[PDB]
Amino acid sequence: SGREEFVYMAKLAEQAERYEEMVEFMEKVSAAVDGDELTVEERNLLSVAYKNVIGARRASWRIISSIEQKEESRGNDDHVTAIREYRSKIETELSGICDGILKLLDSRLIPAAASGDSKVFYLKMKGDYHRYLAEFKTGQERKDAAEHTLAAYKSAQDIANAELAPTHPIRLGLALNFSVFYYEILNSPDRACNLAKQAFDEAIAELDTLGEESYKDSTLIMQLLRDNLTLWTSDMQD
Amino acid sequence: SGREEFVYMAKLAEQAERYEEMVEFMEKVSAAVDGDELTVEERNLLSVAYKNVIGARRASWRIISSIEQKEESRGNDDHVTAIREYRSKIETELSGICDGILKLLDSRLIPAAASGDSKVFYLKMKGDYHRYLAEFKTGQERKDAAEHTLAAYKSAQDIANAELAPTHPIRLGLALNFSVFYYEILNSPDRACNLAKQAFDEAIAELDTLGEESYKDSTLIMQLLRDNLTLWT
Amino acid sequence: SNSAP
Ligand SMILES: [Co+2]
């Protein structure tokens, strides 16, 4: 059917690494699934699609920003103006991508979850994309984005603490991204370290609960948790 | 002014890895230079821009084609049909990209080329993009593409043999791509191997006898030539 | 800092 055709097209777009089209296909899948919930597979295809589309503009934004600061530190103000105009184009694309996924998540998927599985997943994703907004927005828009991020992550954390094993890859990913939020967005290294440490310990504490299928996913995140701590614990030094 | 602005924008697009925009910027620089030659730097920015823009569709095309063949081997005609529509979209983009750069080479850059270095460079590039056309075109369209590739490479090879040192990275790159043309498009491995070998020997002749500053580039190309010969035979 | 895949 509609749904199945566009799911397959989305998988093809992924293979071809034509991710803007993958988002289009998954947006058509999600729209075709109105009352029903997305499958685990469709949820993951949607997430991969948006992660890659935003990831590419995020990379470009960081690079153009480094160049902007260097050329600004230099007396070529003429170069700096051009770089700022270009970064503005990138920020426009970033804003439009976040608006697309936040509306789709906010209008269909979050209301439709009622699974706690998917509740935490979609809440984490809402927080993620508000955070990607907070990465480049300024003034009140940055404030609003960061506040919505914190609120999304908190709601996610409540459902996850109450209904997901400490070794659950969704709960672990949420902890990871929430800690990153504190370190990078809120500039609270103490808070970020505390949260990452807690999520790791609570997962090795109850490390029996982990699933064979769940293991590659969880262990990956837990290593990232340690890796973050490894840098933070060293920037509590540097 | 204009020219210098768009060169800078192209470098920014490259840094940002926004290559469709890099192509746009280099098309505006080249269009803004009527009759004058591109600098070596500008020429290379243009080539990088188009190389990356086409490279990405070439990769997508190969992957979608493999999936089409597997799904064909599975009797999944619904999947095969969807895949064919998608591959057709990719081939449309491929055709338009090769056409864009071929038009730019044919109306301004190839006519404007004033030295053997740039004459060979732009002819080699013409052969390259006719070859990328020949990679997916079929039937008569493929025959026409391959013939234009051969003609571009031949013109390039004549100028290169006549005005560029055998160790010139432009001449070496041309020899490399011409041999590849024989192996992959014309399925003439004997010719591909012979061409790569002759170009390599002619390059090793003056390897120690001559060279400075150019050496990392030439030695690089000659090593790719060796790797290919090692694989073909 | 790294985030979830
Ligand atoms: Co608000």
# chains A, B, ... in the order shown; residues from 1 in each chain; ligands from 1
>>> residues_near_ligand(ligand="ligand 1", cutoff="10 Å", atoms="only C-alpha atoms and all ligand atoms", output="PDB file with N, CA and C atoms, in the first residue's frame")
ATOM      1  N   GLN A 140      15.830  35.419  22.324  1.00  0.00           N
ATOM      2  CA  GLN A 140      14.703  34.722  22.931  1.00  0.00           C
ATOM      3  C   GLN A 140      14.481  33.367  22.255  1.00  0.00           C
ATOM      4  N   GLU A 141      14.712  33.275  20.939  1.00  0.00           N
ATOM      5  CA  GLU A 141      14.547  31.991  20.252  1.00  0.00           C
ATOM      6  C   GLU A 141      15.463  30.917  20.825  1.00  0.00           C
ATOM      7  N   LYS A 143      16.692  30.964  23.953  1.00  0.00           N
ATOM      8  CA  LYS A 143      16.105  30.677  25.264  1.00  0.00           C
ATOM      9  C   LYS A 143      14.910  29.728  25.188  1.00  0.00           C
ATOM     10  N   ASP A 144      13.978  30.006  24.279  1.00  0.00           N
ATOM     11  CA  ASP A 144      12.807  29.153  24.117  1.00  0.00           C
ATOM     12  C   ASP A 144      13.197  27.742  23.705  1.00  0.00           C
ATOM     13  N   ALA A 145      14.150  27.620  22.776  1.00  0.00           N
ATOM     14  CA  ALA A 145      14.557  26.298  22.321  1.00  0.00           C
ATOM     15  C   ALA A 145      15.152  25.505  23.473  1.00  0.00           C
ATOM     16  N   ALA A 146      16.070  26.117  24.215  1.00  0.00           N
ATOM     17  CA  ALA A 146      16.697  25.406  25.320  1.00  0.00           C
ATOM     18  C   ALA A 146      15.668  24.989  26.365  1.00  0.00           C
ATOM     19  N   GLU A 147      14.699  25.864  26.660  1.00  0.00           N
ATOM     20  CA  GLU A 147      13.666  25.525  27.643  1.00  0.00           C
ATOM     21  C   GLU A 147      12.801  24.350  27.178  1.00  0.00           C
ATOM     22  N   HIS A 148      12.431  24.326  25.887  1.00  0.00           N
ATOM     23  CA  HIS A 148      11.627  23.213  25.374  1.00  0.00           C
ATOM     24  C   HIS A 148      12.449  21.936  25.364  1.00  0.00           C
TER      25      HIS A 148
END
>>> closest_atom_pairs(of="chain A", to="chain B", cutoff="12 Å", atoms="only C-alpha atoms", output="tab-separated table")
residue	atom	partner	partner_atom	distance
A:1	CA	B:78	CA	11.6
A:4	CA	B:79	CA	10.9
A:5	CA	B:82	CA	8.4
A:6	CA	B:82	CA	10.0
A:7	CA	B:79	CA	11.6
A:8	CA	B:79	CA	8.1
A:9	CA	B:82	CA	7.5
A:10	CA	B:86	CA	10.9
A:11	CA	B:64	CA	10.6
A:12	CA	B:64	CA	7.2
A:13	CA	B:86	CA	8.7
A:14	CA	B:60	CA	9.6
A:15	CA	B:63	CA	6.7
A:16	CA	B:60	CA	4.3
A:17	CA	B:60	CA	6.8
A:18	CA	B:60	CA	7.8
A:19	CA	B:60	CA	11.3
A:21	CA	B:86	CA	10.7
A:56	CA	B:17	CA	8.6
A:57	CA	B:16	CA	8.4
A:58	CA	B:16	CA	9.7
A:59	CA	B:16	CA	7.3
A:60	CA	B:16	CA	4.4
A:61	CA	B:16	CA	7.4
A:62	CA	B:16	CA	8.6
A:63	CA	B:16	CA	6.2
A:64	CA	B:16	CA	6.4
A:65	CA	B:16	CA	9.9
A:66	CA	B:15	CA	10.6
A:67	CA	B:12	CA	8.6
A:68	CA	B:12	CA	10.1
A:71	CA	B:12	CA	11.8
A:78	CA	B:5	CA	9.6
A:79	CA	B:8	CA	8.2
A:80	CA	B:8	CA	11.2
A:81	CA	B:5	CA	11.3
A:82	CA	B:9	CA	7.8
A:83	CA	B:12	CA	7.7
A:84	CA	B:12	CA	11.1
A:85	CA	B:9	CA	10.5
A:86	CA	B:12	CA	8.4
A:87	CA	B:16	CA	9.8
A:89	CA	B:21	CA	11.4
A:90	CA	B:16	CA	9.7
>>> write_last_selection(atoms="C-alpha atoms", output="PDB file, in the first residue's frame")
ATOM      1  CA  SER A   1       0.000   0.000   0.000  1.00  0.00           C
ATOM      2  CA  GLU A   4       4.624   0.148   2.297  1.00  0.00           C
ATOM      3  CA  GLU A   5       5.587   1.722  -1.037  1.00  0.00           C
ATOM      4  CA  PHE A   6       7.028   4.781   0.653  1.00  0.00           C
ATOM      5  CA  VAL A   7       8.809   2.742   3.335  1.00  0.00           C
ATOM      6  CA  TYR A   8      10.562   0.826   0.563  1.00  0.00           C
ATOM      7  CA  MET A   9      11.381   4.043  -1.302  1.00  0.00           C
ATOM      8  CA  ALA A  10      12.807   5.409   1.956  1.00  0.00           C
ATOM      9  CA  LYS A  11      15.071   2.369   2.283  1.00  0.00           C
ATOM     10  CA  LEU A  12      16.214   2.920  -1.304  1.00  0.00           C
ATOM     11  CA  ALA A  13      16.882   6.594  -0.597  1.00  0.00           C
ATOM     12  CA  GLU A  14      18.975   5.525   2.371  1.00  0.00           C
ATOM     13  CA  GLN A  15      20.997   3.119   0.226  1.00  0.00           C
ATOM     14  CA  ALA A  16      21.516   5.891  -2.330  1.00  0.00           C
ATOM     15  CA  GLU A  17      22.327   8.293   0.543  1.00  0.00           C
ATOM     16  CA  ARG A  18      19.789  10.725  -0.899  1.00  0.00           C
ATOM     17  CA  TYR A  19      18.511  11.665   2.536  1.00  0.00           C
ATOM     18  CA  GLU A  21      14.302  12.188  -0.366  1.00  0.00           C
ATOM     19  CA  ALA A  56      24.978  17.605   7.250  1.00  0.00           C
ATOM     20  CA  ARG A  57      23.902  21.193   7.805  1.00  0.00           C
ATOM     21  CA  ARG A  58      25.175  21.013  11.387  1.00  0.00           C
ATOM     22  CA  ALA A  59      28.625  19.986  10.121  1.00  0.00           C
ATOM     23  CA  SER A  60      28.599  22.768   7.553  1.00  0.00           C
ATOM     24  CA  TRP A  61      27.499  25.259  10.186  1.00  0.00           C
ATOM     25  CA  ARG A  62      30.323  24.396  12.580  1.00  0.00           C
ATOM     26  CA  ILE A  63      32.950  24.608   9.825  1.00  0.00           C
ATOM     27  CA  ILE A  64      31.676  27.911   8.420  1.00  0.00           C
ATOM     28  CA  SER A  65      31.540  29.242  11.994  1.00  0.00           C
ATOM     29  CA  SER A  66      35.164  28.300  12.695  1.00  0.00           C
ATOM     30  CA  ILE A  67      36.142  30.009   9.462  1.00  0.00           C
ATOM     31  CA  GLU A  68      34.020  33.034  10.387  1.00  0.00           C
ATOM     32  CA  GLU A  71      38.572  35.482   9.375  1.00  0.00           C
ATOM     33  CA  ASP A  78      35.045  41.875   3.738  1.00  0.00           C
ATOM     34  CA  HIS A  79      35.544  38.085   3.950  1.00  0.00           C
ATOM     35  CA  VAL A  80      33.730  38.011   7.317  1.00  0.00           C
ATOM     36  CA  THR A  81      30.581  39.588   5.879  1.00  0.00           C
ATOM     37  CA  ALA A  82      30.366  36.969   3.113  1.00  0.00           C
ATOM     38  CA  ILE A  83      30.921  34.176   5.622  1.00  0.00           C
ATOM     39  CA  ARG A  84      28.134  35.524   7.835  1.00  0.00           C
ATOM     40  CA  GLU A  85      25.722  35.656   4.869  1.00  0.00           C
ATOM     41  CA  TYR A  86      26.554  32.036   4.074  1.00  0.00           C
ATOM     42  CA  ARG A  87      26.104  30.898   7.664  1.00  0.00           C
ATOM     43  CA  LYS A  89      21.709  30.480   4.619  1.00  0.00           C
ATOM     44  CA  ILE A  90      22.730  27.386   6.548  1.00  0.00           C
TER      45      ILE A  90
END
>>> residues_around(residues="residue 5 in chain C", least_positions_apart="5", cutoff="12 Å", atoms="only C-alpha atoms", output="VMD selection string")
chain A and resid 44 47 to 48 50 to 52 55 125 128 169 to 170 172 to 174 176 to 177 217 to 218 220 to 221 224
>>> write_last_selection(atoms="N, CA, C and O atoms", output="PDB file, in the first residue's frame")
ATOM      1  N   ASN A  44      12.526   4.178  13.066  1.00  0.00           N
ATOM      2  CA  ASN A  44      13.973   4.271  12.886  1.00  0.00           C
ATOM      3  C   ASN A  44      14.354   4.845  11.522  1.00  0.00           C
ATOM      4  O   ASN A  44      15.331   5.594  11.417  1.00  0.00           O
ATOM      5  N   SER A  47      13.927   8.535  11.825  1.00  0.00           N
ATOM      6  CA  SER A  47      14.966   9.120  12.656  1.00  0.00           C
ATOM      7  C   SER A  47      16.273   9.207  11.880  1.00  0.00           C
ATOM      8  O   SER A  47      16.972  10.220  11.951  1.00  0.00           O
ATOM      9  N   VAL A  48      16.646   8.136  11.170  1.00  0.00           N
ATOM     10  CA  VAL A  48      17.857   8.159  10.347  1.00  0.00           C
ATOM     11  C   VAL A  48      17.776   9.270   9.307  1.00  0.00           C
ATOM     12  O   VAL A  48      18.743  10.017   9.089  1.00  0.00           O
ATOM     13  N   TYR A  50      16.002  12.178   9.223  1.00  0.00           N
ATOM     14  CA  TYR A  50      16.184  13.514   9.779  1.00  0.00           C
ATOM     15  C   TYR A  50      17.567  13.680  10.409  1.00  0.00           C
ATOM     16  O   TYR A  50      18.171  14.754  10.307  1.00  0.00           O
ATOM     17  N   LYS A  51      18.087  12.644  11.077  1.00  0.00           N
ATOM     18  CA  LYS A  51      19.418  12.757  11.658  1.00  0.00           C
ATOM     19  C   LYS A  51      20.445  13.112  10.606  1.00  0.00           C
ATOM     20  O   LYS A  51      21.293  13.971  10.843  1.00  0.00           O
ATOM     21  N   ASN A  52      20.364  12.493   9.419  1.00  0.00           N
ATOM     22  CA  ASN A  52      21.369  12.761   8.388  1.00  0.00           C
ATOM     23  C   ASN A  52      21.155  14.107   7.705  1.00  0.00           C
ATOM     24  O   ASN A  52      22.121  14.863   7.481  1.00  0.00           O
ATOM     25  N   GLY A  55      22.255  16.555  10.329  1.00  0.00           N
ATOM     26  CA  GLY A  55      23.674  16.375  10.569  1.00  0.00           C
ATOM     27  C   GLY A  55      24.546  17.047   9.531  1.00  0.00           C
ATOM     28  O   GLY A  55      25.594  17.614   9.856  1.00  0.00           O
ATOM     29  N   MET A 125      13.443  12.536  20.944  1.00  0.00           N
ATOM     30  CA  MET A 125      13.688  13.138  19.636  1.00  0.00           C
ATOM     31  C   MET A 125      13.252  14.606  19.588  1.00  0.00           C
ATOM     32  O   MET A 125      13.956  15.456  19.012  1.00  0.00           O
ATOM     33  N   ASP A 128      15.916  16.474  21.243  1.00  0.00           N
ATOM     34  CA  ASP A 128      17.061  16.530  20.344  1.00  0.00           C
ATOM     35  C   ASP A 128      16.932  17.689  19.375  1.00  0.00           C
ATOM     36  O   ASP A 128      17.866  18.476  19.199  1.00  0.00           O
ATOM     37  N   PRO A 169      18.393   0.776  25.593  1.00  0.00           N
ATOM     38  CA  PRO A 169      19.066   1.740  24.710  1.00  0.00           C
ATOM     39  C   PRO A 169      18.352   3.073  24.549  1.00  0.00           C
ATOM     40  O   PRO A 169      19.032   4.081  24.337  1.00  0.00           O
ATOM     41  N   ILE A 170      17.021   3.138  24.674  1.00  0.00           N
ATOM     42  CA  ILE A 170      16.343   4.432  24.560  1.00  0.00           C
ATOM     43  C   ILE A 170      16.626   5.287  25.783  1.00  0.00           C
ATOM     44  O   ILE A 170      16.935   6.479  25.676  1.00  0.00           O
ATOM     45  N   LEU A 172      19.197   4.893  27.811  1.00  0.00           N
ATOM     46  CA  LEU A 172      20.613   5.238  27.789  1.00  0.00           C
ATOM     47  C   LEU A 172      20.891   6.375  26.808  1.00  0.00           C
ATOM     48  O   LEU A 172      21.638   7.306  27.129  1.00  0.00           O
ATOM     49  N   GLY A 173      20.317   6.311  25.606  1.00  0.00           N
ATOM     50  CA  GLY A 173      20.481   7.404  24.662  1.00  0.00           C
ATOM     51  C   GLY A 173      19.941   8.714  25.202  1.00  0.00           C
ATOM     52  O   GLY A 173      20.529   9.779  24.998  1.00  0.00           O
ATOM     53  N   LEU A 174      18.791   8.658  25.869  1.00  0.00           N
ATOM     54  CA  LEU A 174      18.230   9.856  26.473  1.00  0.00           C
ATOM     55  C   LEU A 174      19.191  10.439  27.496  1.00  0.00           C
ATOM     56  O   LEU A 174      19.439  11.645  27.510  1.00  0.00           O
ATOM     57  N   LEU A 176      22.395  10.032  27.613  1.00  0.00           N
ATOM     58  CA  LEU A 176      23.527  10.561  26.867  1.00  0.00           C
ATOM     59  C   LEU A 176      23.228  11.958  26.332  1.00  0.00           C
ATOM     60  O   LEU A 176      23.989  12.908  26.562  1.00  0.00           O
ATOM     61  N   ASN A 177      22.109  12.101  25.624  1.00  0.00           N
ATOM     62  CA  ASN A 177      21.794  13.375  24.994  1.00  0.00           C
ATOM     63  C   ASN A 177      21.441  14.445  26.019  1.00  0.00           C
ATOM     64  O   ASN A 177      21.734  15.622  25.805  1.00  0.00           O
ATOM     65  N   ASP A 217      23.335  -2.159  21.046  1.00  0.00           N
ATOM     66  CA  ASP A 217      22.923  -0.766  21.139  1.00  0.00           C
ATOM     67  C   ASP A 217      23.315  -0.173  22.476  1.00  0.00           C
ATOM     68  O   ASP A 217      24.078   0.802  22.534  1.00  0.00           O
ATOM     69  N   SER A 218      22.997  -0.881  23.552  1.00  0.00           N
ATOM     70  CA  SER A 218      23.308  -0.333  24.856  1.00  0.00           C
ATOM     71  C   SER A 218      24.801  -0.189  25.023  1.00  0.00           C
ATOM     72  O   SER A 218      25.287   0.876  25.424  1.00  0.00           O
ATOM     73  N   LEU A 220      27.093   0.331  23.046  1.00  0.00           N
ATOM     74  CA  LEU A 220      27.633   1.462  22.304  1.00  0.00           C
ATOM     75  C   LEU A 220      27.439   2.745  23.083  1.00  0.00           C
ATOM     76  O   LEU A 220      28.412   3.444  23.404  1.00  0.00           O
ATOM     77  N   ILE A 221      26.213   2.975  23.546  1.00  0.00           N
ATOM     78  CA  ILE A 221      25.932   4.196  24.280  1.00  0.00           C
ATOM     79  C   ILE A 221      26.740   4.214  25.560  1.00  0.00           C
ATOM     80  O   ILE A 221      27.300   5.249  25.936  1.00  0.00           O
ATOM     81  N   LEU A 224      30.032   5.490  24.886  1.00  0.00           N
ATOM     82  CA  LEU A 224      29.989   6.921  24.638  1.00  0.00           C
ATOM     83  C   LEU A 224      29.820   7.673  25.938  1.00  0.00           C
ATOM     84  O   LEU A 224      30.525   8.660  26.183  1.00  0.00           O
TER      85      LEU A 224
END
>>> closest_atom_pairs(of="chain C", to="chain A", cutoff="6 Å", atoms="only C-alpha atoms", output="tab-separated table")
residue	atom	partner	partner_atom	distance
C:1	CA	A:228	CA	5.8
C:3	CA	A:177	CA	5.4
C:4	CA	A:173	CA	5.2
>>> write_last_selection(atoms="N, CA, C and O atoms", output="PDB file, in the first residue's frame")
ATOM      1  N   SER C   1      32.086  16.504  22.591  1.00  0.00           N
ATOM      2  CA  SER C   1      31.049  15.662  23.181  1.00  0.00           C
ATOM      3  C   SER C   1      30.316  14.884  22.091  1.00  0.00           C
ATOM      4  O   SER C   1      30.126  15.400  20.984  1.00  0.00           O
ATOM      5  N   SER C   3      26.862  12.328  20.907  1.00  0.00           N
ATOM      6  CA  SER C   3      25.444  12.080  21.188  1.00  0.00           C
ATOM      7  C   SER C   3      24.958  10.747  20.605  1.00  0.00           C
ATOM      8  O   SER C   3      25.719  10.024  19.961  1.00  0.00           O
ATOM      9  N   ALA C   4      23.683  10.429  20.823  1.00  0.00           N
ATOM     10  CA  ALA C   4      23.159   9.105  20.495  1.00  0.00           C
ATOM     11  C   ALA C   4      22.972   8.894  19.003  1.00  0.00           C
ATOM     12  O   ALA C   4      22.478   9.778  18.301  1.00  0.00           O
TER      13      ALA C   4
END
>>> atom_distance(atom1="CA of residue 206 in chain A", atom2="CA of residue 120 in chain A")
19.6 Å
>>> residues_around(residues="range 146-153 of chain B", least_positions_apart="6", cutoff="12 Å", atoms="only C-alpha atoms", output="PyMOL selection string")
chain B and resi 102+105-106+110+119-140+159-161+171+173-182+184-187
>>> closest_residue(among="B:104, B:225, B:162, B:193", to="residue 33 in chain B", atoms="only C-alpha atoms")
B:104
>>> atom_distance(atom1="CA of residue 189 in chain B", atom2="CA of residue 232 in chain B")
7.2 Å
>>> select_by_dssp(residues="range 7-228 of chain A", states="alpha helix (DSSP H)", output="ChimeraX atom specification")
/A:7-16,19-32,40-73,77-104,110-113,117-136,139-163,169-180,189-205,212-228
>>> atom_distance(atom1="CA of residue 112 in chain A", atom2="CA of residue 24 in chain A")
20.3 Å
>>> residues_around(residues="residue 44 in chain B", least_positions_apart="6", cutoff="10 Å", atoms="only C-alpha atoms", output="ChimeraX atom specification")
/B:26,38,50,121
>>> residues_around(residues="residue 104 in chain A", least_positions_apart="5", cutoff="9 Å", atoms="only C-alpha atoms", output="list in words")
residues 27, 30, 31, 99, 109 and 110 of chain A
